[PDB]
Amino acid sequence: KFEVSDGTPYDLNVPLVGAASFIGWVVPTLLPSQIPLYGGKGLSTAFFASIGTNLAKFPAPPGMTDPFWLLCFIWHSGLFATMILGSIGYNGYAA
Amino acid sequence: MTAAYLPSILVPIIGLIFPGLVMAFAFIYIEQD
Amino acid sequence: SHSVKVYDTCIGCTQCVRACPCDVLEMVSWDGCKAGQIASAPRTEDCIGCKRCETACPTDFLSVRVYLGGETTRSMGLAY
Amino acid sequence: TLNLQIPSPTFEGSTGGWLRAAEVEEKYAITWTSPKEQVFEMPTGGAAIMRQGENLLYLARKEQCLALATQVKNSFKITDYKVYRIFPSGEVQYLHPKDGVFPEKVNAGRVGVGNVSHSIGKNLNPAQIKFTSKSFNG
Amino acid sequence: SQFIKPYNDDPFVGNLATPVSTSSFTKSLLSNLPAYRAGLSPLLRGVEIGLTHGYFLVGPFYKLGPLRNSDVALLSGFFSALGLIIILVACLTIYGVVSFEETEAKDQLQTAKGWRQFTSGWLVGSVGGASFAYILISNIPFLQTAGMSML
Amino acid sequence: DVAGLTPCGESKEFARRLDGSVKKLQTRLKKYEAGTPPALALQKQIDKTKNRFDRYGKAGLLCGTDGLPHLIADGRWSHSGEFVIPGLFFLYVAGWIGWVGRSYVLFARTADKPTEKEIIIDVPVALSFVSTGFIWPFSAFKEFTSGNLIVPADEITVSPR
Amino acid sequence: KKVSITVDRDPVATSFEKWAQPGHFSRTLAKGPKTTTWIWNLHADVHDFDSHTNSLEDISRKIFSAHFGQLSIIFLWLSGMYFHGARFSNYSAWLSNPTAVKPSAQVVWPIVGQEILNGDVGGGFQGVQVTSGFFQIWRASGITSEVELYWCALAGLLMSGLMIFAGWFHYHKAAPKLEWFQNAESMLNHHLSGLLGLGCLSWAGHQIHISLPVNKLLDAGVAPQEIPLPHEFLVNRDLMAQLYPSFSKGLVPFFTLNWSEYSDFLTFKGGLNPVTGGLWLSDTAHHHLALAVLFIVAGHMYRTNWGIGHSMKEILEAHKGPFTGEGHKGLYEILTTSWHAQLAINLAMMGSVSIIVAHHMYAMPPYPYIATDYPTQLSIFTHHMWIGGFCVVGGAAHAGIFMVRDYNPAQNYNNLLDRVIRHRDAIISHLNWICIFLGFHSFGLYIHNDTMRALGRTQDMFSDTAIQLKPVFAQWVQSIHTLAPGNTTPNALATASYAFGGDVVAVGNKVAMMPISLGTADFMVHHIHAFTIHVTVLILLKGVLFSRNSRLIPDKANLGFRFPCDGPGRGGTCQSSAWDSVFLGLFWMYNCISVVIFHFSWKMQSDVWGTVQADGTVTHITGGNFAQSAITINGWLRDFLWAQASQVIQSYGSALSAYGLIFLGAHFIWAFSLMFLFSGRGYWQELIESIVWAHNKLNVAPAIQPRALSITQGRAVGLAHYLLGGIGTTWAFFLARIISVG
Ligand code: CLA
Ligand code: CLA
Ligand code: CLA
Ligand code: CLA
Ligand code: CLA
Ligand code: CLA
Ligand SMILES: CC1=CCCC(C)(C)[C@H]1/C=C/C(C)=C/C=C/C(C)=C/C=C/C=C(C)/C=C/C=C(C)/C=C/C1=C(C)CCCC1(C)C
Ligand code: SF4
Ligand code: SF4
Ligand code: SF4
């Protein structure tokens, strides 16, 4: 019974929108590229590999020239765009 | 300087305590009915 | 409040009453002019002091005069 | 007499409406009757639709009410509007038109307030009335 | 499906009901804050608010003050926070002196006795929170270096 | 001479100013080929500088210790051409302009629409007026003495005192 | 069909009668003057067409023909620049030696000693040095002789005559109807595909067929007189294929989509040409060709007589959500009925584009030998920055004019405009708070640094050798753009600009472009820029949103867009109109653009521009003082204002003395403006009463009664002389400094 306003009950559909937007953004971004930023992997997989690499170096943050920041920014930008569009499509149309 | 303690005693008082008490009491005076 | 005076040079053209945004002025019966009416200011507690009435007055130097005085919530035009 | 049960124009609301001083110091009300539902501009910003029949609306200032009255007079030919002042105690003071006749028309019983019996050039000098409770008008 | 409605179903009040202003999350957070939470004396509202604000006040004074590169940086930062707390308590006191008439009602914040209780609670909470932050930064090297001790 | 100043034709600092100006133009002249238009222009500038300094040195102008001509304007006849005679020339031209403008204003007052005469000038009548201005002192004085220049104080609007 | 040509023939007779009736366009003004105020009013409302008549058709016809007149004036101006380049310039000598000949296309007559302004500009030439960059444009276009410049001047003059004839024809002989003007879809299709698309395509044609071979021969060292004429490059395909062998293959690779064959004259090289310091012209040719294709594609989007196409009303009305009510409904009617709304949008867009032009043109120099021409770079950056700021504020002004005049609440119920008006208080309050926050945490850093450096506490300052404010995001973006060639743009040989990082491109021992590092001072000045822009937005947006009414004045729309006040009541209602908000926002725009161009001038002189000497070291103009001095106001006052004004104040007796004279005169006009800005009308009217008594005593009082300027005119005159004085002072200071040291 989440009210989005004073008297406006609205279903946020956070599980569906989150899961569907995550899958619909991650799966197309599994397309590989041979550029050094990706390293032979897709955008999502290069991002996850960079997460593992930098978590193997805790305290020490990723450097400026490290591909982690660019991978994180592009991946989260596309994810946020997918989440916004998925929220619009599922909450509005619902069919 | 003779009585060299007097600047370090009086300058914080004159510059922080005097204006604070003046501003507080003037505020009370100008806002009371 | 502001003080609004109407002098006997008034010709009763009712322009100052029509120009008043705050309903301060009104026309009352008089015999001093050809129109048979003079402006009056019974409600100067609502006067904001905009001097639109003086702008509307056509007599050489004005018949209606606004003297700004003590400021109140109404005269300052405060919606808060 | 202000009927508090008069319906209001359909308005979506705005941040320009009345503040805490309306419920604490004084508030103003304007009522009018329209022949049809039609869109007018709010004096606080925004468009509202007045209903067919009676309309009651609340404002913070008398000038806002009279601006709305002038707008509905000159754009919709509505002249039956009434402006009231309401206090927090519940007292309603009828304001406009004060005697039922608009102030630009002469009405019997009105007495002149603030009338001076000479021209403006006949006022007294400030040095004449200094240290003295005489008015500058004489 | 409209998300913005007139505030309190009143189209002529100077406010709008928005998701930032009137959602369930906003209403829960605002009603659960100590300044608005039901069942609290004004003194305890003051205690909670003072604990929070006085606790976080130590940090900027300790890390950025003129004595920040000295061995007495934390002591100076806590003393600066205490001086700010005393100044703000004087501000609260003079606000309550000029703002409220002496009434029997004392269970509300916006009463004279209620504001005095709130000021007392805010002073005691602010001193306690600043002292707690001082203790934690004095005894934990992680807080002294803001995490750089891990590197 | 006057006020301790020296005549410019014998002041050494006047000569130093002339020499410095000529040298400053000649070092610019050195970078251009003879017969090029910049060379001719620079040589003409050198000639104008030399002629100006010669004329100023032979005019009885007084130079101070700075090396520049100083004008005397106390009324003495040995320096009447430095302020007094240019002053008479200005006063003649300015009285001409004022007289013809006043005459046009008084003509425009007689027209059907005076303001149209102010914004759209009657050019033949204005040219007649600007021709009339050569005898402006005598005409203006006769206008004054006949009561046609000054209007009395009871016919001019004034504010309440 | 629905989109058709409808015209009225001979609507307005061509006559000189109304030329003799000033104020004929206005019923108020046509009665003639009675006071001098009329005169000012006659020049003040004259091109305000909607206030003279209510017919939208007549207004649209006047607008169309006035636009033709402006195009005629612009073409005459261009023809003048080409002619003065042809006859009064050293352009051929500059073509022979670009690195040592200062461009000059103005020669003065000798009258009163002003012949000193004909400075020794090189090439055996004396004249006024010009900084508009026309020499570099003509070199990029392949103009090698002054005969071609004469022909260009003739073409400009002929186009000026054609435009002025078209204005007379399309107003006085064949005026289009209102239905012709109200085709937004057809106008957008034709102007996207035909104006921008075919224009880009034809300029790509000129670049590929003319500019590339002539500039390739020029960069190889061929003298301009031995280069073949452009038509010889057109007809001799062997001569063209000697430079670009793909021209031996003809147009077959284009039509068969074998486009990589054209890779020798359509490149994606990036960086700069090492010989000239400009962009590769092959890159510009592919750029303009790709833009032509994209624009022609975009010009087929909108619906016209045939059934295909988008309807913009449908597009607008479909985009609406739960936060926004009716959404973008009603905007098509506004933008097809109100000329002021279109002028607001287009002025805002043109101003933003001019600002983008200034940034992108300093950073990626597009013309040969323009990067090392530091006066040209500084002049064009400053000029297009000023034009952009003025146009953006004009967009706000004409938005306010739409809001007062053309806005109809009946046609605007619960759409985006109505909801913006209905939460204007929230908008303006949050903007006010963010402006105060930006002012404190940007300018108080400078104040804090002034105090710390004055108190002898250097370790307490905000600096790179002190408590640091690193611009980490911009540095990260610079690292990305430096790493981009071969990684995120794999087919680009070099970076988009060397300002992000890379090598020092130097031409003739002068830095064309080098990396522009960002430190604490760059952080502080970019957040100063953000503060000034947000405050200008606050003033202009508050004026637009409160143009019709407010809590103070509930009937402000009845008073109009431009009124002085509503009297001394309500405490005082001075400067309450939207016009007065534009009046204040012009001052704040001046402040913003002044700080922007000062940042540019100091940063380029300190960290980019300079001379390259042995061992590859770069000696900058001010020797890298920006990092330690631009963190304090004292450093800006001493090391930028005091230090770099030495050239304009010691310019007397040289060719740059006109800049010293203009410097003094602009200080004078700026100070003169404060008489109008600080004073009020009643004082001047009473002083004029005394002067009227003096003229009345001599019977010389004018028939047109002299009045003091109106309150709005007092504000406008003060603002105009203020802007002229300040901009002229910066103009003279910049130009004298950069001509002397660069
Ligand atoms: C492909 C057709 C086409 C083209 C090229 C243009 C071009 C232009 N229109 Mg436009 N217009 C068109 C169709 C077109 N329109 C249609 C169909 C409509 C009706 C819906 C309009 C309605 C319209 C209005 C209402 C207005 C314009 C305006 C303008 C000018 C904008 C200012 C500018 O950048 O000028 C600089 C650009 C130039 C190219 C300068 C040269 C100008 C001439 C006329 C170009 C002619 C090129 C010619 C077709 C081919 C010869 C080139 C070569 C082969 C010899 C510009 C000249 C505005 C203007 O300023 O009007 C005067 C304006 O107010 N247009
Ligand atoms: C980024 C991914 C994405 C995109 C592009 C779309 C696009 C669309 N969805 Mg959709 N959807 C998504 C994710 C996405 N969806 C997810 C994750 C869910 C599950 C929660 C849904 C559930 C959903 C439902 C239930 C329905 C839609 C519908 C629609 C269509 C119309 C409504 C709309 O949002 O128009 C958006 C309009 C556009 C995208 C075109 C305009 C283009 C401009 C430039 C905006 C695009 C922004 C940018 C370029 C996008 C980049 C994506 C990024 C990942 C790189 C439209 C084709 C409705 C429909 O009719 O389709 C059947 C419908 O019924 N969607
Ligand atoms: C003449 C008035 C005056 C005086 C005496 C001082 C004195 C001082 N200022 Mg300064 N200051 C003043 C005016 C004054 N200021 C003004 C007008 C401004 C605004 C521009 C500032 C802004 C300013 C900043 C921004 C900072 C100082 C700091 C300091 C301290 C110097 C560094 C140090 O060793 O602190 C060591 C500090 C301590 C050991 C803490 C002392 C705590 C005191 C004793 C508590 C007093 C409580 C209160 C006043 C009780 C009375 C309340 C009543 C008036 C209502 C010193 C106490 C710095 C500082 O350290 O602040 C603490 C600092 O950061 N000042
Ligand atoms: C017909 C021309 C005319 C005449 C005869 C006068 C006469 C006078 N003016 Mg006046 N004035 C005029 C035009 C004229 N004014 C105009 C057009 C302006 C507006 C700029 C003023 C502004 C003005 C001020 C502000 C003051 C005077 C003052 C004075 C008095 C002293 C002389 C002076 O200061 O001159 C100086 C005059 C000026 C600086 C302005 C003159 C502008 C031009 C050059 C004159 C107009 C020429 C006109 C175009 C001729 C057309 C004729 C043609 C059609 C045939 C004197 C009564 C002063 C005063 O009160 O002294 C007691 C004073 O303070 N006037
Ligand atoms: C595409 C450009 C464009 C167009 C077509 C318009 C068109 C219009 N504007 Mg707009 N405006 C623009 C840009 C534009 N503006 C910009 C960029 C600004 C910001 C400065 C404004 C600010 C603005 C305001 C604030 C107002 C208008 C108004 C108007 C209307 C009447 C203008 C008039 O009669 O002036 C007639 C022309 C003049 C008075 C000439 C002005 C001369 C200037 C001030 C001095 C020029 C100095 C020169 C460049 C250098 C001199 C130096 C030398 C002396 C040494 C008209 C609809 C007015 C209106 O009522 O609209 C309804 C109004 O109040 N506009
Ligand atoms: C140098 C002159 C100057 C300064 C400092 C200001 C300052 C300001 N103007 Mg302003 N203005 C100016 C000239 C100036 N103006 C001129 C010439 C015009 C003519 C057109 C205007 C027109 C104008 C308009 C139209 C608007 C402003 C606005 C603002 C405010 C912006 C918010 C801000 O930066 O907060 C931060 C405050 C500052 C940067 C002021 C200096 C404070 C520094 C950081 C030190 C503080 C130290 C501390 C207080 C010391 C205490 C000591 C104790 C003893 C008191 C701010 C109050 C806008 C506004 O009010 O809305 C936000 C706005 O809308 N101004
Ligand atoms: C991070 C987080 C994620 C993003 C979103 C976000 C929500 C905005 C953000 C939160 C930022 C902010 C909002 C984080 C929330 C922050 C606040 C500042 C935390 C305050 C804690 C106060 C306690 C510890 C002091 C407790 C008192 C102790 C026990 C005292 C004992 C004392 C008593 C009097 C008795 C005597 C003994 C002593 C010792 C003197
Ligand atoms: S000043 Fe304004 S409110 Fe007061 S009487 Fe005159 S018009 Fe009415
Ligand atoms: S406007 Fe002047 S003349 Fe007319 S009624 Fe009012 S006071 Fe009298
Ligand atoms: S000072 Fe001028 S602008 Fe201000 S209220 Fe008075 S007349 Fe109007």
# chains A, B, ... in the order shown; residues from 1 in each chain; ligands from 1
>>> residues_around(residues="stretch 35-43 of chain F", least_positions_apart="4", cutoff="12 Å", atoms="only C-alpha atoms", output="PyMOL selection string")
(chain F and resi 21-31+47-50) or (chain G and resi 107-110+113+115-116+118-127)
>>> write_last_selection(atoms="C-alpha atoms", output="mmCIF file, in the first residue's frame")
data_model
loop_
_atom_site.group_PDB
_atom_site.id
_atom_site.type_symbol
_atom_site.label_atom_id
_atom_site.label_comp_id
_atom_site.auth_asym_id
_atom_site.auth_seq_id
_atom_site.Cartn_x
_atom_site.Cartn_y
_atom_site.Cartn_z
ATOM 1 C CA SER F 21 60.776 62.236 -33.063
ATOM 2 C CA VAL F 22 62.871 62.322 -36.252
ATOM 3 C CA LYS F 23 65.043 59.423 -35.025
ATOM 4 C CA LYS F 24 61.971 57.389 -34.027
ATOM 5 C CA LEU F 25 60.568 57.814 -37.529
ATOM 6 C CA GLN F 26 63.964 57.163 -39.162
ATOM 7 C CA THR F 27 64.519 53.830 -37.407
ATOM 8 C CA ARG F 28 61.163 52.760 -38.861
ATOM 9 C CA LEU F 29 62.309 54.130 -42.240
ATOM 10 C CA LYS F 30 65.465 51.973 -42.083
ATOM 11 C CA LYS F 31 63.507 48.706 -42.451
ATOM 12 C CA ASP F 47 58.936 66.184 -43.370
ATOM 13 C CA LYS F 48 55.719 67.079 -41.535
ATOM 14 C CA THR F 49 57.456 66.664 -38.158
ATOM 15 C CA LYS F 50 60.357 68.893 -39.246
ATOM 16 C CA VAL G 107 44.848 51.304 -43.724
ATOM 17 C CA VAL G 108 44.175 54.760 -42.271
ATOM 18 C CA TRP G 109 44.465 58.094 -44.030
ATOM 19 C CA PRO G 110 47.014 60.621 -42.715
ATOM 20 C CA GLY G 113 48.932 62.122 -36.894
ATOM 21 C CA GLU G 115 48.957 57.627 -39.692
ATOM 22 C CA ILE G 116 50.966 56.249 -36.739
ATOM 23 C CA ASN G 118 49.586 52.180 -39.901
ATOM 24 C CA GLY G 119 52.021 49.935 -38.110
ATOM 25 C CA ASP G 120 54.801 47.886 -39.642
ATOM 26 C CA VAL G 121 52.899 44.620 -40.047
ATOM 27 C CA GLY G 122 55.444 42.801 -42.202
ATOM 28 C CA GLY G 123 55.383 41.863 -45.835
ATOM 29 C CA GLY G 124 56.521 45.363 -46.757
ATOM 30 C CA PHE G 125 53.185 46.656 -45.493
ATOM 31 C CA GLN G 126 51.878 49.278 -43.089
ATOM 32 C CA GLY G 127 48.394 49.078 -41.648
#
>>> residues_around(residues="stretch 56-69 of chain E", least_positions_apart="4", cutoff="10 Å", atoms="only C-alpha atoms", output="count of residues only")
31
>>> closest_residue(among="G:194, G:307, G:98, G:568", to="ligand 8", atoms="only C-alpha atoms and all ligand atoms")
G:568
>>> interface_residues(of="chain E", to="chain D", cutoff="7 Å", atoms="only C-alpha atoms", output="ChimeraX atom specification")
/E:5-6,11-16
>>> select_by_dssp(residues="stretch 29-121 of chain D", states="helix (DSSP H, G or I)", output="ChimeraX atom specification")
/D:62-76,120-121
>>> write_last_selection(atoms="C-alpha atoms", output="PDB file, in the first residue's frame")
ATOM      1  CA  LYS D  62      -7.532  42.010  -0.661  1.00  0.00           C
ATOM      2  CA  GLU D  63      -5.631  43.139  -3.766  1.00  0.00           C
ATOM      3  CA  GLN D  64      -5.550  39.563  -5.096  1.00  0.00           C
ATOM      4  CA  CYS D  65      -9.333  39.315  -4.695  1.00  0.00           C
ATOM      5  CA  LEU D  66      -9.902  42.643  -6.429  1.00  0.00           C
ATOM      6  CA  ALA D  67      -7.492  41.692  -9.235  1.00  0.00           C
ATOM      7  CA  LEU D  68      -9.498  38.496  -9.780  1.00  0.00           C
ATOM      8  CA  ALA D  69     -12.691  40.576  -9.670  1.00  0.00           C
ATOM      9  CA  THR D  70     -11.327  42.956 -12.317  1.00  0.00           C
ATOM     10  CA  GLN D  71     -10.267  40.000 -14.485  1.00  0.00           C
ATOM     11  CA  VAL D  72     -13.682  38.322 -14.339  1.00  0.00           C
ATOM     12  CA  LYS D  73     -15.384  41.689 -14.901  1.00  0.00           C
ATOM     13  CA  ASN D  74     -13.372  42.635 -17.990  1.00  0.00           C
ATOM     14  CA  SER D  75     -12.997  39.163 -19.540  1.00  0.00           C
ATOM     15  CA  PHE D  76     -16.221  37.333 -18.620  1.00  0.00           C
ATOM     16  CA  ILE D 120      -3.641  71.457  -2.435  1.00  0.00           C
ATOM     17  CA  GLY D 121      -1.593  74.663  -2.769  1.00  0.00           C
TER      18      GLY D 121
END
>>> atom_distance(atom1="atom CA of residue G:433", atom2="atom CA of residue G:416")
23.5 Å
>>> interface_residues(of="chain A", to="chain E", cutoff="6 Å", atoms="only C-alpha atoms", output="PDB file with N, CA, C and O atoms, in the first residue's frame")
ATOM      1  N   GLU A   3       1.914   4.622  -0.939  1.00  0.00           N
ATOM      2  CA  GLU A   3       1.377   5.830  -1.546  1.00  0.00           C
ATOM      3  C   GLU A   3       2.527   6.644  -2.124  1.00  0.00           C
ATOM      4  O   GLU A   3       3.449   7.029  -1.397  1.00  0.00           O
ATOM      5  N   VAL A   4       2.478   6.902  -3.434  1.00  0.00           N
ATOM      6  CA  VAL A   4       3.506   7.720  -4.074  1.00  0.00           C
ATOM      7  C   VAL A   4       3.271   9.199  -3.820  1.00  0.00           C
ATOM      8  O   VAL A   4       4.161  10.017  -4.066  1.00  0.00           O
ATOM      9  N   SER A   5       2.111   9.558  -3.286  1.00  0.00           N
ATOM     10  CA  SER A   5       1.742  10.936  -3.005  1.00  0.00           C
ATOM     11  C   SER A   5       0.828  10.906  -1.786  1.00  0.00           C
ATOM     12  O   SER A   5       0.776   9.901  -1.070  1.00  0.00           O
ATOM     13  N   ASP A   6       0.150  12.026  -1.518  1.00  0.00           N
ATOM     14  CA  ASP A   6      -0.732  12.118  -0.355  1.00  0.00           C
ATOM     15  C   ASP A   6      -1.866  11.099  -0.422  1.00  0.00           C
ATOM     16  O   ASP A   6      -2.144  10.399   0.559  1.00  0.00           O
ATOM     17  N   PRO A  59      41.887  -1.774   0.622  1.00  0.00           N
ATOM     18  CA  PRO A  59      42.241  -0.346   0.586  1.00  0.00           C
ATOM     19  C   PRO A  59      42.486   0.326  -0.762  1.00  0.00           C
ATOM     20  O   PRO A  59      41.746   1.262  -1.078  1.00  0.00           O
TER      21      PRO A  59
END
>>> interface_residues(of="chain C", to="chain G", cutoff="7 Å", atoms="only C-alpha atoms", output="PyMOL selection string")
chain C and resi 48-51+75-77+79
>>> write_last_selection(atoms="C-alpha atoms", output="short mmCIF file (atom, residue, chain, number, x, y, z; two decimals), in the first residue's frame")
data_model
loop_
_atom_site.label_atom_id
_atom_site.label_comp_id
_atom_site.auth_asym_id
_atom_site.auth_seq_id
_atom_site.Cartn_x
_atom_site.Cartn_y
_atom_site.Cartn_z
CA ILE C 48 -1.10 49.98 -0.19
CA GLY C 49 0.25 53.34 -1.37
CA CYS C 50 0.62 52.47 -5.06
CA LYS C 51 -0.45 56.01 -6.16
CA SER C 75 -0.13 48.61 3.51
CA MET C 76 3.08 46.65 2.85
CA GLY C 77 1.18 44.23 0.59
CA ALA C 79 0.76 37.86 1.72
#
>>> residues_near_ligand(ligand="ligand 2", cutoff="8 Å", atoms="only C-alpha atoms and all ligand atoms", output="list in words")
residues 16, 17, 18, 19, 20, 21, 22, 23, 24, 25, 77, 78, 79, 80, 81, 82, 83, 84, 85, 86, 87, 88, 89, 90, 91, 92, 93, 94 and 95 of chain A
>>> residues_near_ligand(ligand="ligand 6", cutoff="6 Å", atoms="only C-alpha atoms and all ligand atoms", output="ChimeraX atom specification")
/G:432,435-436,439-440,443-444,539,584,587
>>> write_last_selection(atoms="N, CA and C atoms", output="PDB file, in the first residue's frame")
ATOM      1  N   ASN G 432      17.641  29.911  -5.678  1.00  0.00           N
ATOM      2  CA  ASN G 432      18.219  30.911  -4.785  1.00  0.00           C
ATOM      3  C   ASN G 432      19.170  30.260  -3.790  1.00  0.00           C
ATOM      4  N   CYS G 435      22.297  29.073  -5.547  1.00  0.00           N
ATOM      5  CA  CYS G 435      23.136  30.209  -5.908  1.00  0.00           C
ATOM      6  C   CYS G 435      23.919  30.725  -4.709  1.00  0.00           C
ATOM      7  N   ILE G 436      23.281  30.789  -3.537  1.00  0.00           N
ATOM      8  CA  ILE G 436      23.990  31.226  -2.336  1.00  0.00           C
ATOM      9  C   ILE G 436      25.057  30.211  -1.940  1.00  0.00           C
ATOM     10  N   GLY G 439      27.940  30.583  -4.384  1.00  0.00           N
ATOM     11  CA  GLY G 439      28.691  31.793  -4.094  1.00  0.00           C
ATOM     12  C   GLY G 439      29.586  31.654  -2.886  1.00  0.00           C
ATOM     13  N   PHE G 440      29.044  31.109  -1.793  1.00  0.00           N
ATOM     14  CA  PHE G 440      29.845  30.875  -0.599  1.00  0.00           C
ATOM     15  C   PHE G 440      30.989  29.908  -0.879  1.00  0.00           C
ATOM     16  N   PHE G 443      33.406  31.594  -4.080  1.00  0.00           N
ATOM     17  CA  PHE G 443      34.100  32.858  -3.874  1.00  0.00           C
ATOM     18  C   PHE G 443      34.729  32.953  -2.492  1.00  0.00           C
ATOM     19  N   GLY G 444      34.115  32.347  -1.471  1.00  0.00           N
ATOM     20  CA  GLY G 444      34.726  32.331  -0.165  1.00  0.00           C
ATOM     21  C   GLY G 444      35.997  31.522  -0.109  1.00  0.00           C
ATOM     22  N   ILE G 539      18.112  35.116 -12.069  1.00  0.00           N
ATOM     23  CA  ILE G 539      17.525  36.424 -12.368  1.00  0.00           C
ATOM     24  C   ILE G 539      16.564  36.326 -13.546  1.00  0.00           C
ATOM     25  N   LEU G 584      18.855  43.436 -15.148  1.00  0.00           N
ATOM     26  CA  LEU G 584      19.817  42.952 -14.154  1.00  0.00           C
ATOM     27  C   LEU G 584      20.592  41.728 -14.647  1.00  0.00           C
ATOM     28  N   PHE G 587      23.684  42.592 -16.662  1.00  0.00           N
ATOM     29  CA  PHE G 587      24.836  42.857 -15.801  1.00  0.00           C
ATOM     30  C   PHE G 587      25.490  41.563 -15.343  1.00  0.00           C
TER      31      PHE G 587
END
>>> residues_near_ligand(ligand="ligand 9", cutoff="9 Å", atoms="only C-alpha atoms and all ligand atoms", output="MDAnalysis selection string")
(chainID C and resid 5:19 25:27 37:40 53:59 62:65) or (chainID D and resid 104)
>>> atom_distance(atom1="atom CA of residue G:137", atom2="atom CA of residue G:512")
16.8 Å
>>> residues_around(residues="stretch 17-32 of chain B", least_positions_apart="3", cutoff="9 Å", atoms="only C-alpha atoms", output="PyMOL selection string")
(chain B and resi 12-14) or (chain E and resi 87+90-91+94-95+97-99)
>>> residues_around(residues="residue A:70", least_positions_apart="3", cutoff="10 Å", atoms="only C-alpha atoms", output="PyMOL selection string")
(chain A and resi 37+47+64-67+73-76) or (chain G and resi 476-477+480)
>>> atom_distance(atom1="atom 34 (O, counted along the ligand's line) of ligand 5", atom2="atom CA of residue G:720")
15.0 Å
>>> residues_near_ligand(ligand="ligand 4", cutoff="9 Å", atoms="only C-alpha atoms and all ligand atoms", output="MDAnalysis selection string")
(chainID F and resid 94:95 97:105 117:118 121:123 125:130) or (chainID G and resid 687:688 690:702 706)
>>> decode(residues="stretch 2-8 of chain C", atoms="N, CA and C atoms", output="PDB file, in the first residue's frame")
ATOM      1  N   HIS C   2      -1.433  54.536   5.388  1.00  0.00           N
ATOM      2  CA  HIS C   2      -1.254  55.711   4.555  1.00  0.00           C
ATOM      3  C   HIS C   2      -2.459  56.639   4.684  1.00  0.00           C
ATOM      4  N   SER C   3      -2.237  57.912   4.379  1.00  0.00           N
ATOM      5  CA  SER C   3      -3.278  58.927   4.451  1.00  0.00           C
ATOM      6  C   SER C   3      -3.631  59.386   3.045  1.00  0.00           C
ATOM      7  N   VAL C   4      -4.914  59.347   2.701  1.00  0.00           N
ATOM      8  CA  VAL C   4      -5.369  59.775   1.384  1.00  0.00           C
ATOM      9  C   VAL C   4      -6.329  60.940   1.570  1.00  0.00           C
ATOM     10  N   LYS C   5      -6.030  62.055   0.912  1.00  0.00           N
ATOM     11  CA  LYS C   5      -6.841  63.261   0.968  1.00  0.00           C
ATOM     12  C   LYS C   5      -7.384  63.581  -0.415  1.00  0.00           C
ATOM     13  N   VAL C   6      -8.581  64.157  -0.456  1.00  0.00           N
ATOM     14  CA  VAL C   6      -9.187  64.615  -1.701  1.00  0.00           C
ATOM     15  C   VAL C   6      -9.489  66.098  -1.549  1.00  0.00           C
ATOM     16  N   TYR C   7      -8.912  66.911  -2.425  1.00  0.00           N
ATOM     17  CA  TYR C   7      -9.060  68.355  -2.361  1.00  0.00           C
ATOM     18  C   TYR C   7     -10.195  68.807  -3.274  1.00  0.00           C
ATOM     19  N   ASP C   8     -10.700  70.019  -3.024  1.00  0.00           N
ATOM     20  CA  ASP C   8     -11.927  70.467  -3.678  1.00  0.00           C
ATOM     21  C   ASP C   8     -11.743  70.863  -5.142  1.00  0.00           C
TER      22      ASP C   8
END
